[PDB]
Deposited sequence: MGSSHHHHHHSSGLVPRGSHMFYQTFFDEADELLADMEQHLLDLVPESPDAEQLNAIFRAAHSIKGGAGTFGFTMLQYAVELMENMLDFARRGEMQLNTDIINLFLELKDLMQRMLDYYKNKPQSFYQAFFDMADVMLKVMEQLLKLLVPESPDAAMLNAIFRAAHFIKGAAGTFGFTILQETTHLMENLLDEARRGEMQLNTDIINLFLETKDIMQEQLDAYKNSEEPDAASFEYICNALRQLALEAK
């Protein structure tokens, strides 16, 4: 949902930039003013939706100025148009702040996920309550991997999650082989995490191997 907004907002700002540049300081076109206003209003909506407060404030500020400009309360001139460009650039900088946001964020995830895998490992090695715990730890890793676009990690965890959902509810019967496959999945997920930790790409061979094994179990346990 975030990236759709970022792609649209970038496009809108590129449109805003051209319309601002096409403004006639002595006699501005209310149609170009309306275009800049529409693009700013669209960005405001998204910024509010996702809690992009710095962007929200930057947009409100341009909106206000534009509302005076398009209604005729503000006298336009070169200086004012330059201010509008700076507000547009501020909106761009704020958008990029929220678009960016990593490192401290990546590290907190890497550290958190490392710990959750240890918890999963031990609970496997040890009850519906524990199955609910392994399930939720996998659910977090999947969710978080989805957040960072870690497609390979997300998929591995998702396949194990579905098996853990059937295990916790009581739809699927568990045994030593199944548990060892879950432990093997844990090891693969750690390597997937480590590859991303080192800004490398996870092992495709391991991914295909574990996903075949997890889907095999989804059939075998039924």
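Asker: What stretches of this chain's deposited sequence are missing C-alpha coordinates?
Answerer: Missing CA coords at 1-21, 148-153.
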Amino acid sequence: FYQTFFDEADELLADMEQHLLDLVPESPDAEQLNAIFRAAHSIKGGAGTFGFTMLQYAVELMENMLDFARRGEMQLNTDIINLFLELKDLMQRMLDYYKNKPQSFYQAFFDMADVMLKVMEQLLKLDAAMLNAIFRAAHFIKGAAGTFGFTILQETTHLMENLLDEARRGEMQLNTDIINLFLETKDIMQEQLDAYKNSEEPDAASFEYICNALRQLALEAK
From here on, numbers count along this sequence of modelled residues.
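Asker: With reference to the PDB entry, specify whether the mean Cα temperature factor is higher for 127-135 or for 110-118.
Answerer: Comparing 127-135 with 110-118, the higher mean C-alpha B-factor belongs to 127-135.
Asker: Going by the B-factors listed in the PDB entry, is the mean over the C-alpha atoms higher for 64-72 or for 33-41?
Answerer: On average, C-alpha B-factors are higher across 64-72.
Asker: By the entry's C-alpha temperature factors, tell me which of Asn82, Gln103, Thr151, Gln92 sits highest.
Answerer: Out of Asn82, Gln103, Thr151, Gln92, the record gives the largest C-alpha B-factor to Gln103.
Asker: Per the entry, which of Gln190, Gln56, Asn162, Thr156 tops the list for Cα B factor?
Answerer: Largest recorded C-alpha B-factor: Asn162.
Asker: What third of its chain, lowest, middle or highest, does the C-alpha temperature factor of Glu184 fall into?
Answerer: Ranked within chain, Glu184 CA B lands in the middle tercile.
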